[PDB]
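Note sheet for the following structure.
Computation of the quantities below employed the complete heavy-atom set of this structure, encompassing side-chain atoms and omitting hydrogens, waters and symmetry-equivalent molecules. So that the names make sense, note that chain A is the first sequence line, chain B the second, and so on, each numbered from 1.
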Amino acid sequence: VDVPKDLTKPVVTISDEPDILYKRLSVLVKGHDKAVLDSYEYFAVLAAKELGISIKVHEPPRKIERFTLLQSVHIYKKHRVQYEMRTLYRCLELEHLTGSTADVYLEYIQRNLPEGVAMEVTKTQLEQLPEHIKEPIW
Amino acid sequence: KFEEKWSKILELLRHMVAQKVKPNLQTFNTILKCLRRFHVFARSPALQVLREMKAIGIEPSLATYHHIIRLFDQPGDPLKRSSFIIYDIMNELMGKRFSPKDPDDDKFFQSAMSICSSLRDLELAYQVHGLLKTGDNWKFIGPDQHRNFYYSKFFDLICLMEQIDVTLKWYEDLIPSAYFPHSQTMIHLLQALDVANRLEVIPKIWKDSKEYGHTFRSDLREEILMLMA
Amino acid sequence: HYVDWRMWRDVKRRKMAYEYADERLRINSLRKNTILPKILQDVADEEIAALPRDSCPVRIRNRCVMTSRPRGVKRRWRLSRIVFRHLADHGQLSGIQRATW
Amino acid sequence: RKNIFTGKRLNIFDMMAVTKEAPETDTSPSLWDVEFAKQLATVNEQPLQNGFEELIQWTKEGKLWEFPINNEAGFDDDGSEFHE
Amino acid sequence: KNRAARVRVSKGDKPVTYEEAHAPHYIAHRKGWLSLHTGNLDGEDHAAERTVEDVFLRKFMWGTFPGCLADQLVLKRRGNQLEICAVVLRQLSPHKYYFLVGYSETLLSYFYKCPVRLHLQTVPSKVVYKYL
Ligand SMILES: [Mg+2]
Ligand SMILES: [Mg+2]
C-alpha cells in the first residue's frame, strides 16, 4: 500500500546539435572466468535487444601466459613451480546506433561490469568529408 | 499583550516599505513563528499574513503552514477551527513538489500528522502521507525523532480507523522498513485484532514484539495474556 | 622504515636519478650525434661526467619491494620469487594459478 | 464555507511589479549568507535509502567515476591545440 | 615433500576451514581467488600497485578487528570502488562493529583516494570444513 504517488523522472534534454553516428561498437571483455563472461554476455545481449540494438557475439581465442619459478628458497635448481594467467575473451559487436544510444547502453553495461573483468570498447564513427577537401583550391 | 505587540510589528513593516526594502519569505515566517505565544488572539491576524504573502507574490513554504498549523493547534477542541484549516491547507498543497526554502520546512509533516490523529481523520492522514510520497517530498520528514513521531501517530491512527485487512498491510509495509514501533504501538495493534475478532494473529505479534525489543515490557506481556485468556 | 640499508640506498638513487633526468638527457643529446663540433662534444662529455654518481640510472637495481631481494624478482609485480609464491599459493593474486598442461 | 485564502489582508506591502529583474551575481558570501545556505541543506538531509542513492551521492561529490568511461576525464593538457 | 600452504595431517582434532583445507594446486579447480581485479589480465597495467594495496588491506583489517575475523578477506574492485567482504564472529558488541566500520571505511577512502565499503557477515563460530 505504501507506494510512491508520483515519481520525478531524470531530465533528458533534446539538443539542437546533430547526434553522432556509430557504424560499429566492438565491445571486447576480458576475464579469468568463462562462466562470468557467459553471464555478462547474457546480460549485455538481453539489454541490447530491449533497447533495439542489433548485436552479435563471438569468442576470440583465449590466451594463457605461463612462467617458471624456483621451488626452493636455496639451490635445488632442477625443481620448479610453474604458474599461468588465463585471459578469456568475449566480443559484443553492435551496429548502426547513434551517439545517444551508445552512451546509455555503454554506461549501463560498464557500471555492471563484474569484478575481475576489463573492457576495451572500439567505436567506429561516421564522418563527412571536411569542407576544405571537397574541391581543389585552384 | 497582543494588541501592543501587533501594533509595533505593523510599524516595522510600514518602515520597511518607507525604506524601499522588499520582504522575503523569512519576514513572514518570523511573524507567524513569533505569534505562536498568543494563540487565539493571533489566529485571525496570522491568516492576514498568509493572504498578504499570496498577494505580494511570496510563495508559502512548508514552514509557513507549519507555523499556522501549530498556531491553530492549541490544546482544546480542534473541531471548531483546526478542522477546516488543515482541510484547506491540504487542498492547496495537493500534488506539489517542494524545495528547501526555510530552516523549518522539515517540521510540517510532523505537525500535519499530529492533527490528523487528534481529529481522528484517516482520510486526511492519507492525504498527508500522499503528499509525503509525491516526488521527493519524502525528504522533508525531518530527523529520526520526527520520523518516529510521524509514523507512530500515522500507524496508530490506521489501527484505529482502518479495516484489519488493510491494517496488516500497513503493518508489513512500515515496520521495520520505515520505523521501529514503540511498545504502545504494539498494544494499539492488539486492540485492533480484538475488535476484528482475529486472535490467531496474536502469536505473530508476540514474535514480532520480541524482534523489536519489547520482550521485557510489562504492559505488553499483560496485554497479550489477557486477550488470549 | 625500509626493509634494509640496501633498499634505502636504492630509494635515494631513484630519487636523485629522477631529479637529474632532464639535465642528463639534454647533455647526452649533445654527445649522441655527428653534427656538433668535437670541441663542443668534448665539453659535454666532461659536464655529464661531473654530475653526481647516484644520478646515473644504470646504478638503479630492481629489488623486491617487500624483502629487498636483489635477484629473482618478477618485474610485473616487483616481488621476489619467494614472496610472489607465498601470495599466489594462498590465492591472493587475482587470476594467477598453478600451470598444468 | 469560506476558504482561508479569501478575506482581509495586511495591505501594508504592495504587489511586486516583477521579481528582481537583475541579480547581484557578484554578491559577497558573507558569513550570514553562507550559514543560512547550510540550514537549507539540513531540511532535506536524509540517510541514503538504497544503493542507487549511494552511487548518486558519490557521483555528485566526485568520488565515483562518471560513466561511460573517458580515460581522459579531468585531464586537458592546458587547452593546447595539436599544432602547438 | 611440498609444504606451500598445506595444513598437515594431525590427530583429527585440528579444525580447518574450506580455504585452509585446499593446497595451492586446487586454486581455480576447487577454490576461487581471494581478490578480483583486472591487473593480471593480458594487456592490463598496474598489477604491482594493486598487489601492494591488497597486502596492506589484509594486515590493516587483521589488526583493526583483532580476534574477530573468522576467515580470509575477499577484496573486490569495480571501477574505482573497493569492496571488502569479511566474515566476522559474534563476540564484539554491535556498537563496536559500527564504530570500526565507519572508522575503517573513512580511513581507507582517504588513504587510497577511492570510495571504500566494508561488508560484514557474522557467524556464531568459525565454519569448520573438516578435522585434520
Ligand atoms: Mg643493473
Ligand atoms: Mg618435488
Side-chain angles (χ1 to χ4, degrees), chain A residues 114-116, chain C residues 66-67 77 79 82-97, chain D residues 51 54, chain E residues 3-10 12-24 26-28 30-37 39-40 49-78 81-112 114-132:
Chain A
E115 55 265 22
Chain C
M66 286 173 181
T67 62
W77 300 273
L79 297 172
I82 296 166
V83 176
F84 174 93
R85 285 195 59 214
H86 187 75
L87 299 175
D89 291 339
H90 290 83
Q92 293 180 7
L93 299 185
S94 176
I96 294 175
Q97 67 200 50
Chain D
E54 187 168 44
Chain E
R3 316 292 298 187
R6 286 169 171 83
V7 180
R8 310 209 72 85
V9 65
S10 68
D13 61 323
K14 188 198 301 184
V16 300
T17 62
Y18 184 87
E19 314 309 328
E20 300 168 0
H22 288 82
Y26 290 118
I27 292 167
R30 302 184 185 180
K31 68 192 295 193
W33 289 284
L34 291 169
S35 64
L36 283 176
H37 54 86
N40 289 319
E49 292 79 340
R50 302 295 80 80
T51 306
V52 171
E53 299 165 0
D54 287 2
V55 171
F56 172 78
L57 293 169
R58 295 183 186 282
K59 287 187 66 55
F60 180 89
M61 292 291 293
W62 184 258
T64 303
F65 298 80
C68 306
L69 294 176
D71 211 332
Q72 300 297 327
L73 300 176
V74 181
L75 306 175
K76 300 170 177 296
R77 290 185 175 85
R78 298 191 303 274
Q81 297 179 65
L82 176 67
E83 284 188 348
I84 305 174
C85 312
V87 181
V88 297
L89 298 171
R90 296 172 177 174
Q91 300 183 7
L92 280 185
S93 63
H95 289 82
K96 298 183 183 185
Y97 276 121
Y98 276 94
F99 180 101
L100 295 172
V101 165
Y103 153 82
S104 63
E105 285 182 349
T106 301
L107 199 74
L108 298 170
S109 296
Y110 281 77
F111 191 69
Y112 286 138
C114 68
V116 182
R117 265 191 293 181
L118 177 54
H119 303 274
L120 297 180
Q121 184 194 144
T122 64
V123 294
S125 54
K126 205 159 178 170
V127 184
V128 175
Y129 174 67
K130 60 189 294 195
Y131 287 95
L132 284 172

**OP:** May I have the step-by-step check of side chain to side chain contact (heavy atoms under 4.5 Å, CB included) for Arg30(E) and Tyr18(E), ending in yes or no?
**Re:** CA-CA 10 Å; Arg30(E) 302 184 185 180; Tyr18(E) 184 87; 3.9 Å; yes
Original post:
Between atom CG of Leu108(E) and atom OG1 of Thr64(E), what is the distance when rounded to the nearest 0.5 Å?
Top reply: 7.5 Å
**OP:** Could you label the plane-to-plane angle of the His22(E) and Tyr26(E) rings as parallel, tilted or perpendicular, counting under 30° as parallel and over 60° as perpendicular?
**Re:** perpendicular
Original post:
Hey, what do you get for OG (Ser10(E)) to CG (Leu132(E)), rounding to the nearest 0.5 Å?
Top reply: 6.0 Å
Subject >> Other residues, nucleotides, ligands: >12 heavy atoms within 6.0 Å of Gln72(E) CD >> reply: no
**OP:** May I ask you to decide if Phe84(C)'s main-chain N or O and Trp77(C)'s side chain share a donor-acceptor pair within less than 3.5 Å?
**Re:** no
Original post:
Got a second to check how far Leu93(C)'s CG is from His86(C)'s NE2, nearest 0.5 Å?
Top reply: 10.5 Å
Original post:
Side chains of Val127(E) and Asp71(E): closer than 4.5 Å at any heavy-atom pair?
Top reply: no
Original post:
Between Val87(E) and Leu69(E), does a side chain to side chain contact (heavy atoms under 4.5 Å, CB included) hold up when you go through it step by step?
Top reply: CA-CA 6 Å; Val87(E) 181; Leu69(E) 294 176; over 6 Å; no
Original post:
For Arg8(E), does the CZ atom sit with more than 12 other heavy atoms under 6.0 Å from it, leaving out its own atoms?
Top reply: yes
Subject >> Side chain proximity check, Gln97(C) to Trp33(E), heavy atoms < 4.5 angstrom >> reply: yes
**OP:** Report the distance from atom SG of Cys85(E) to atom CG of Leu34(E), rounding to the nearest 0.5 Å.
**Re:** 11.0 Å
Subject >> Value rounded to 0.5 Å, distance of CD in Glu83(E) from NE2 in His119(E) >> reply: 4.0 Å
**OP:** Kindly say whether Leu89(E) contributes a backbone atom to a donor-acceptor pair with the side chain of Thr122(E) at under 3.5 angstrom?
**Re:** no
**OP:** List the atom of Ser94(C), the atom of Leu36(E), and the distance in Å for their closest heavy-atom pair.
**Re:** OG-CA, 3.6 Å
Original post:
Is the side chain of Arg58(E) donor-acceptor paired with the backbone N or O of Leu73(E) at a distance under 3.5 Å, no angle test?
Top reply: yes
**OP:** Mark yes or no for whether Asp89(C), through its side chain, and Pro24(E), through its backbone, hold a donor-acceptor pair below 3.5 Å.
**Re:** no
Original post:
With a 4.0 Å cut-off, would you call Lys59(E) and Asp54(E) a salt bridge?
Top reply: no
Original post:
Yes or no on side chain to side chain contact (heavy atoms under 4.5 Å, CB included) for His37(E) and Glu115(A), after CA distance, side-chain angles and deciding distance?
Top reply: CA-CA 6 Å; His37(E) 54 86; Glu115(A) 55 265 22; over 6 Å; no
**OP:** For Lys96(E), look at atom NZ and say whether over 12 heavy atoms of other residues, nucleotides or ligands are found less than 6.0 Å away.
**Re:** no
Original post:
Are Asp13(E) and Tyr131(E) close enough, and set up right, to give a side chain to side chain contact (heavy atoms under 4.5 Å, CB included), and what steps lead you there?
Top reply: CA-CA 6 Å; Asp13(E) 61 323; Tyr131(E) 287 95; 5.9 Å; no
Subject >> From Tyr112(E) atom OH to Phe56(E) atom CZ, the distance as rounded to the nearest 0.5 Å >> reply: 5.0 Å
Original post:
Counting N and O atoms only, with roles assigned by atom type, does the side chain of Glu105(E) sit under 3.5 Å from a partner on the main chain of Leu118(E), one being a donor and the other an acceptor?
Top reply: yes
Original post:
In terms of side-chain geometry, is the basic nitrogen of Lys31(E) or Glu20(E) positioned less than 4.0 Å from the acidic oxygen of its partner?
Top reply: no
Original post:
Looking only at atom types and distance, does a side-chain atom of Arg6(E) sit under 3.5 Å from a main-chain N or O of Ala4(E), one as donor and one as acceptor?
Top reply: yes
**OP:** Answer yes when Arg117(E) and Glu54(D) have at least one side-chain N-carboxylate O distance shorter than 4.0 Å, and no when they do not.
**Re:** yes
Original post:
Quick one: does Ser35(E)'s side chain have a donor or acceptor within less than 3.5 Å of a partner on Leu75(E)'s backbone?
Top reply: no
Original post:
According to the interplanar angle, ranging from 0 to 90°, do the rings of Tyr97(E) and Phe65(E) count as parallel (below 30°), tilted (30 to 60°) or perpendicular (above 60°)?
Top reply: parallel
Original post:
Going by heavy atoms in the side chains, are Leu79(C) and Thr51(E) under 4.5 Å from each other?
Top reply: yes
Original post:
Do side-chain atoms of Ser109(E) reach the backbone of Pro115(E) as a donor and acceptor pair under 3.5 angstrom?
Top reply: no
Original post:
Mind checking whether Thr17(E) and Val128(E) have side chains closer than 4.5 Å, heavy atoms only?
Top reply: no
